[PDB]
Amino acid sequence: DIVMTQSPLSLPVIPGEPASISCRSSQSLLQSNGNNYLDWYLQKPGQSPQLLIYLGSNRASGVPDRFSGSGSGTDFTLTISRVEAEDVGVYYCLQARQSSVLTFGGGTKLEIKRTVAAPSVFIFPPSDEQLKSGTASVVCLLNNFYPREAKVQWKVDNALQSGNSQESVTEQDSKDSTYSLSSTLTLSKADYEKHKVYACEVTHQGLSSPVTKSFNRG
Amino acid sequence: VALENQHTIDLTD
Amino acid sequence: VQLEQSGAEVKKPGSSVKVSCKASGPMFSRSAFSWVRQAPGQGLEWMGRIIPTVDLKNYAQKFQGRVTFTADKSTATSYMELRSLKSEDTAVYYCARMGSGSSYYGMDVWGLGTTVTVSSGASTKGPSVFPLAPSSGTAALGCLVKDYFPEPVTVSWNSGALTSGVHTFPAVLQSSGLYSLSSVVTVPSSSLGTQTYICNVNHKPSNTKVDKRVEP
């Protein structure tokens, strides 16, 4: 039936500056009552989607006036006159030309381009409780950094580790616009006790050089 | 109902 | 909460799941209800709508034949049933209210979502919670929430009294097929000797609540 384009996929914007998001429909969304049935929704990190703009240009209740929708027919635009940290999330357009057929666009992630911030790096040995169960999890934390690009290298007794770690990254923080990253190195208790030095080496453009946090024991 | 589908009436009343 | 949904579910491939969405009386009688799902890390996908007052249902083409919406007018509750479940159906399923026809002004009220996991290992399993102890002006500590299934888990600190500096990370799927998640908080180093830190881990699919004291 009707296909919805959204562009760009991601949009980095300096705080206080305007953002513009495009949505394209393969068919006109203008109905015989004069309304364009194109909505905009925002999904903030960890939350349900929320209505932002309905029917092309109508602000939902509580939506500040820096959000505005424009367009008619097949080309629509969401403008944020001045982006702020709370606006971070994924914006989706949606057509409802026929009441019985609704279709979402692919979404646009808004990224707040705050200033560069080097991560604070912490390393955690496995707990006594876990070691009694036969496995050792070593955790490295990269806290409150920007931008998202970062590399974590596990080294055990100076040997580069491979294939035994997993990481995940939070979404951009709604207040300070940073990311955090958690990396877990997993070994058997028997392997953990074979070695002495456990190190997490972090590369990030906010740092002068790679920083290493480590501990002795195991 | 074609009327409801084109946003002309409201089938909840 | 204006729209209440049923709890998280885990089901085997090929079986079915039924998710509920309860509204107020007056809301139920004046509304259509859309079902919108979101696979992990993916975008929103409209599955269809029901208008409970006239028992009218429209299904997205992709779902015609194995989704059914129903409604109980006596309890102001509508239901989504998805049959012949596949791995691709693992998602959060949202209920969203909207006006019918000429009263459509967007999906303005949304439920919190119901996590549905499709797995041939369809057994709820409670997490093991291990401290991430501080040491080695700002210190970090945390809890490791390991080997649980299915999603989701929520974590609070000091029963919600401590929110500043808290980061709870997306879980990762380990090689065993179980999830693992960490939650951390940064605090003044001077607080390590005087303030107790407890993470409260809630895994509702197993009705598990765990408090773990994290000592330096």
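Residues numbered from 1 in each chain as written, not as in the entry; some residues may be left out. Chains lettered and ligands numbered in written order. Heavy atoms only, no water.

As recorded in the PDB header, X-ray crystallography is the method behind this entry, and the stated resolution is 1.95 Å.

The name given to chain C in the PDB entry is LAH31 Fab heavy chain, with the source organism recorded as Homo sapiens. The record lists its title as "Structure of the LAH31 Fab bound to an influenza virus HA epitope peptide".

Taking the PDB entry as the reference, chain A is identified by name as LAH31 Fab light chain belonging to Homo sapiens.

*Asks:* It is not clear to me how the overall build of chain A should be interpreted in this structure. Could you clarify?
*Replies:* A tally of helices and strands in chain A yields 2 helices and 19 strands. Here the C-alpha radius of gyration of chain A, 23 Å, is well above what a compact globule of 218 residues would show, namely 17 Å. C-alpha extents for chain A along the principal axes are approximately 75 × 35 × 30 Å. Counting only residues that meet the buried cut, chain A has 49% of its 218 residues in that class. Considering only residue pairs separated by 6 or more positions, chain A has 58% of its internal contacts joining residues 24 or more positions apart. Summing over all exposed atoms, chain A offers an accessible surface of approximately 9700 Å²; the carbon and sulfur share of this is 46%. Considering chain A, the positive charge centre built from 19 side chains and the negative charge centre built from 20 side chains are found 4 Å apart. (Helix = DSSP H or I, 4+ residues; strand = E, 2+ residues; numbered from the N terminus. Rg over C-alpha atoms; globule rule 2.2 N^0.38 Å. Buried < 20%, exposed > 50% of the residue type's maximum accessible area, 1.4 Å probe, protein only. Contact = heavy atoms within 4.5 Å. Areas by Shrake-Rupley, 256 points an atom, 1.4 Å probe, with all protein chains shown as cover. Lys, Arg positive; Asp, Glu negative; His and termini not counted. Charge placed at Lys NZ, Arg CZ, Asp CG, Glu CD.)

*Asks:* Quick question: what am I supposed to make of the environment of A:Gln98 here?
*Replies:* Here A:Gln98 is to be found in the loop between strand 9 (89-95) and strand 10 (103-104). Exposure remark for A:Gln98: the relative accessible area of 31% places this residue in the partly exposed category. Residues A:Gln98 and A:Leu181, 83 residues apart in the sequence, show an inter-C-alpha distance of 43 Å. Sequence-distant contacts of A:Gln98, defined by excluding residues within four places in its chain, comprise B:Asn5 and B:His7.

*Asks:* Hey, could you run me through the sheet that holds strand 8 (residues 75-80) of chain A in this one?
*Replies:* Either a parallel or an antiparallel arrangement is found when strands of a sheet pair, and the pairing is made through backbone hydrogen bonds. Residues and elements named next belong to chain A. Pairing within the open sheet is antiparallel, and its 4 strands lie in the order 1-3-8-7. Of all the strands in the sheet, the pair left with one neighbour each is strand 1 (4-7) and strand 7 (67-72). The average angle at which neighbouring strand axes cross in this sheet is 20°, direction not considered. Judged from the 4 bridges that link them, strand 1 and strand 3 (residues 19-25) form a sheet pairing that is antiparallel. Each bridged residue has a counterpart across the sheet, and for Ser 7 the counterpart in strand 3 is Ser 22. (Pairing = 2+ DSSP bridges. Axes fitted to C-alpha atoms, helices over the stretch in contact; angles between N-to-C directions.)

*Asks:* Please explain the environment of C:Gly177 as it appears in this structure.
*Replies:* Tracing the backbone through its elements, the reader meets C:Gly177 in the loop between strand 16 (172-173) and strand 17 (179-188). For the pair C:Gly177 and C:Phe149, spaced 28 residues apart in the sequence, the C-alpha separation amounts to 8.3 Å.

*Asks:* It is not clear to me how the interface of chain A and chain B should be interpreted in this structure. Could you clarify?
*Replies:* By a widespread convention, an interface's size corresponds to the accessible area lost as its parts come together. At the interface, 8 residues of chain A touch 4 residues of chain B. In total, chain A and chain B occlude about 540 Å² of area from one another, counting both sides; carbon and sulfur atoms represent 31% of this. For the pair chain A and chain B, the interface holds 8 residue pairs in polar contact. Considering only residue class, the side of chain A that touches chain B consists of 2 nonpolar, 5 polar and 1 charged. (Buried area = accessible area lost by both parts, 1.4 Å probe. Polar contact = N/O pair within 3.5 Å; in protein donor to acceptor, adjacent residues only side chain to side chain. Nonpolar A, V, L, I, M, F, W, Y, C, P; charged D, E, K, R; others polar.)

*Asks:* Looking at this structure, I do not really get the interface of chain A and chain C. What am I missing?
*Replies:* Every contact between the two is made by 40 residues of chain A and, on the other side, 43 residues of chain C. Interface of chain A and chain C: buried area, both sides summed, is about 3300 Å²; carbon and sulfur atoms make up 64% of it. For chain A, the biggest contributors to the area lost against chain C are A:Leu102, A:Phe104 and A:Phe124; these three give 17% of the whole. Linking chain A with chain C are 11 residue pairs in polar contact, by the criterion used here.

*Asks:* When you look at the domain arrangement of chain A in this model, what are you seeing that I'm missing?
*Replies:* Residues and elements named next belong to chain A. Partitioning chain A into structural domains gives domain 1 (4-112) and domain 2 (120-216). Summarising the inter-unit geometry, the C-alpha centres of domain 1 and domain 2 are found 38 Å apart. In this assembly, 8 residues from domain 1 lie in contact with 8 residues from domain 2. Taking both sides of the interface into account, the surface hidden between domain 1 and domain 2 amounts to around 690 Å²; carbon and sulfur atoms contribute 41%. Summed over the shared surface of domain 1 and domain 2, the number is 1 salt bridge. Residue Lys 109 is joined to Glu 171 by a salt bridge in which the shortest nitrogen-to-oxygen separation is 2.9 Å. For the interface between domain 1 and domain 2, the tally reads 4 residue pairs in polar contact. Of the residues in the side of domain 1 that touches domain 2, the class split is 5 nonpolar, no polar and 3 charged. (Domains from an automatic or database assignment. Salt bridge = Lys/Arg side-chain N within 4 Å of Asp/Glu carboxyl O.)

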